[PDB]
Amino acid sequence: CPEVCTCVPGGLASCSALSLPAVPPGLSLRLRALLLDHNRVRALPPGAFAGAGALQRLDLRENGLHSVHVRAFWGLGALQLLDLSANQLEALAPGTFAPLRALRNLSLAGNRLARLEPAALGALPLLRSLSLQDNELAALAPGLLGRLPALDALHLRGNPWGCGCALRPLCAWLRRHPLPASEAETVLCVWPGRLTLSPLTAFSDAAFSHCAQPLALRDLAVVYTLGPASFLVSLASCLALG
Amino acid sequence: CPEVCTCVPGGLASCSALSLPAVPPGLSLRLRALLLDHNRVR
């Protein structure tokens with residue numbers, strides 16, 4: 001008999017719309033498949049669900065989440081569904097999602113994240129679906145794609161995202177899985193022109209706008225010697241012309 | 001079928017007084033003639 005809301009039979013979907021800043025007081029060793037829509041959580045408390053070693057579904061939607069903690073999920077290792085819709089996140093504390101490896105869908109809608117740490121997210125071999133609905137993310141670290149081995153369902157509509165090299169990892173994700181051909185996902189990016197606007201599906205493989213390449217080994221094999229090459233050529237020209 | 005409100009016949013008058021800081025979640029291509037009174041959008 002929890003205090004905030006009554007015990008729920010079957011998978012115990014928790015009380016939703018509890019509007020709680022850190023976490024609603026929960027005193028039970030049986031709660032499972034929790035349901036936490038529209039809460040005011042700003043930080044996941046350490047060891048919030050340590051007693052419940054197993055869990056299946058969590059529904060943290062519409063939160064004021066600005067930061068998390070490493071050890072909120074030490075006692076949680078079986079989660080498969082989790083949502084992070086409509087947050088105010090600033091950074092993901094490393095080790096928060098690291099203990100979790102059974103997750104299959106992780107919606108991350110409406111976050112205020114400028115960039116995400118690949119080490120903080122973890123490998124997550126089972127994750128395949130991830131969402132960015134009404135997020136403000138603009139610069140996605142490619143390490144997230146490097147660690148995710150099965151990301152094949154991406155939701156992204158609604159972002160102050162500007163076209164450019166930051167979209168190149170996401171453009172690669174599109175060109176390996178063309179989900180946005182469906183009308184539901186029609187995310188956009190800012191073409192360099194401030195008054196202009198261009199879709200993501202318009203941003204094709206070529207998309208010759210800016211930031212061609214940061215690295216080039218062909219030119220790196222000669223960049224070391226180009227200076228001495230020019231100086232020696234000028235020296236030899238002076239010697240020969242005299 | 002929106003989550004915050006329902007699909008209103010004719011002009012899709014969305015529910016008002018929702019108070020969501022960014023925008024109420026909308027997944028629809030038919031919404032028109034919206035009503036969005038007393039929100040907390042900044």
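Okay, residues lined up against (1) more than 25 Å from A:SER107 (Cα to Cα); (2) of a type in the set (A, V, I, L, M, F, W, C):
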site: A:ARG128; (1), (2): no, no
site: A:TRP161; (1), (2): no, yes
site: A:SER182; (1), (2): no, no
site: A:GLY193; (1), (2): yes, no
site: A:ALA212; (1), (2): yes, yes
site: A:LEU215; (1), (2): yes, yes
site: A:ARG218; (1), (2): yes, no
site: A:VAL223; (1), (2): yes, yes
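Scanning region A:77-91 for residues that are over 19 Å from A:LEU126 (Cα atoms) and in contact with a strand residue (DSSP E or B) (Cβ under 8 Å, 6 or more places away or on another chain), which turns out farthest from the other protein chains (Cβ to nearest Cβ)?
Ranking the candidates gives A:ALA91 first.
Matching residues to (1) out of contact with any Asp or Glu (no Cβ under 8 Å at 6 or more places or on another chain); (2) assigned to a loop (DSSP other than H, G, I, E, B):
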site: A:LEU55; (1), (2): yes, yes
site: A:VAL70; (1), (2): yes, yes
site: A:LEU79; (1), (2): yes, yes
site: A:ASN87; (1), (2): yes, yes
site: A:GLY95; (1), (2): yes, yes
site: A:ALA98; (1), (2): yes, yes
site: A:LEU106; (1), (2): no, no
site: A:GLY110; (1), (2): no, yes
site: A:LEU113; (1), (2): no, yes
Identity of the residue in region B:28-41, hydrophobic (A, V, I, L, M, F, W, C) and within 14 Å of chain A (Cβ to nearest Cβ), that ends up nearest to A:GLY64 (Cα to Cα): B:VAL41
Take A:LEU148 and tell me if it is more than 30 Å from A:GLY193 (Cα to Cα), among the aliphatic types (A, V, I, L, M) and within 14 Å of chain B (Cβ to nearest Cβ). no
Sort through A:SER107, A:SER129 and tell me the only one that's more than 22 Å from B:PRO21 (Cβ to Cβ) and not aromatic (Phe, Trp, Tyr). A:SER129
Of the residues A:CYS211, A:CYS163, only one is of a type in the set (A, V, I, L, M, F, W, C) and either in contact (Cβ under 8 Å) with a residue 60 or more places away in the chain or more than 25 Å from A:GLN88 (Cα to Cα) (or both); which? A:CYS211
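Residue by residue through region A:106-130, note down the ones that are polar (S, T, N, Q) and either away from every other protein chain (no Cβ under 14 Å) or within 8 Å of the chain's Cα centre (by Cα) (or both).
A:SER129
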On the basis of being more than 13 Å from the chain's Cα centre (by Cα) and either small (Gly, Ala, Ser) or within 14 Å of chain B (Cβ to nearest Cβ) (or both), does A:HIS66 make the cut? yes
Options A:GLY158, A:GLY143, A:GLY164; residue that is out of contact with any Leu (no Cβ under 7 Å at 6 or more places or on another chain), within 22 Å of A:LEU84 (Cβ to Cβ) and crowded, with 17+ Cβ neighbours inside 10 Å: A:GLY158
Selection from region A:121-153 of residues over 19 Å from B:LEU27 (Cβ atoms), among the small types (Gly, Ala, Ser) and out of contact with any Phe, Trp or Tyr (no Cβ under 7 Å at 6 or more places or on another chain) yields A:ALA123, A:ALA139, A:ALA141, A:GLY143, A:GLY146, A:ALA150
Filtered residues of region B:28-38 (kept if of a type in the set (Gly, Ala, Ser) and exposed (fewer than 11 other Cβ atoms within 10 Å of the Cβ)): B:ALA33
Flagged in region B:5-27 as loosely packed, with under 15 Cβ neighbours inside 10 Å and within 10 Å of another protein chain (Cβ to nearest Cβ), in numbering order, are B:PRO21, B:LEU27
Please verify whether region A:154-161 includes one or more residues that are more than 26 Å from B:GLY26 (Cα to Cα) and basic (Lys, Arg). no
Single residue of A:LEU200, A:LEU217, A:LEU232 found to be away from chain B (no Cβ under 14 Å) and touching a residue at least 12 places away in the same chain (Cβ under 8 Å): A:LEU200
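Because the Cβ atoms are built from the backbone with ideal geometry, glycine has one as well, and the counts that use them run over all protein chains shown. Read-outs: derived from the displayed coordinates by stated rules, not from any lab.
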